[PDB]
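> Kindly generate the corresponding structure for this input.
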Amino acid sequence: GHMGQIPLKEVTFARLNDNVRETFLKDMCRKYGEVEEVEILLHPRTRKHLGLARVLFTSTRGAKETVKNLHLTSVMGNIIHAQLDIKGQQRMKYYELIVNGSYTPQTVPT
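Residues are numbered from 1 along each chain as shown. Sure, the structure comes next:
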């Protein structure tokens, strides 16, 4: 890939339906790229799904294609947000807004 200052291989998801956990994310992302790692973010005290996830791909092409196919796509009844993210910078902003701010998993501003 040529667009980033570093390779763009990691996707941040937000507003995931709380049934979309590690196995689902792997099952659905592997249709769009080679998946290396999946992580869902949980509330620090309740351990509940924040609707946030990280998916790391083998190539930048897999990450771009996942974003193209899944951004603004409805998956078990919720519209997903999916974008390339460097070092979880946007992911951790969403984490703070839900966990320590007034927002919820389905209302976090992206």
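> Now residue 49: closest residue in space that isn't a chain neighbour?
Distances taken as CB to CB, 6 or more residues apart in numbering place residue 18 nearest to residue 49, at 4.1 Å, with adjacent residues excluded. (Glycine included, C-beta is placed from N, CA and C.)
> Is that neighbour in contact with residue 47, as I believe?
No. At 11.9 Å, residue 18 does not count as touching residue 47 under the criterion of CB atoms under 8 Å.
> Who has more neighbours out of the two?
residue 18 (14 against 7; other CB atoms under 10 Å).
> mind checking how far the spatially most central residue of the chain is from residue 31?
For the chain, the residue nearest the mean C-alpha position is residue 13 (1.8 Å; CA atoms, centre = their mean). Separation of residue 13 from residue 31 (CB to CB, to the nearest Å): 15 Å.
> same deal with residue 20?
14 Å.
> hang on, the earlier thing: for the one helix or strand the residue nearest to the centre of the chain maps to, packing partners?
Element membership for residue 13, per DSSP states H and E: strand 10-14. With contacts taken as 3 or more CB pairs under 8 Å, 6 or more residues apart in numbering; DSSP states H and E, strand 10-14 sits against strand 49-57, helix 60-70, strand 81-84, helix 89-99.
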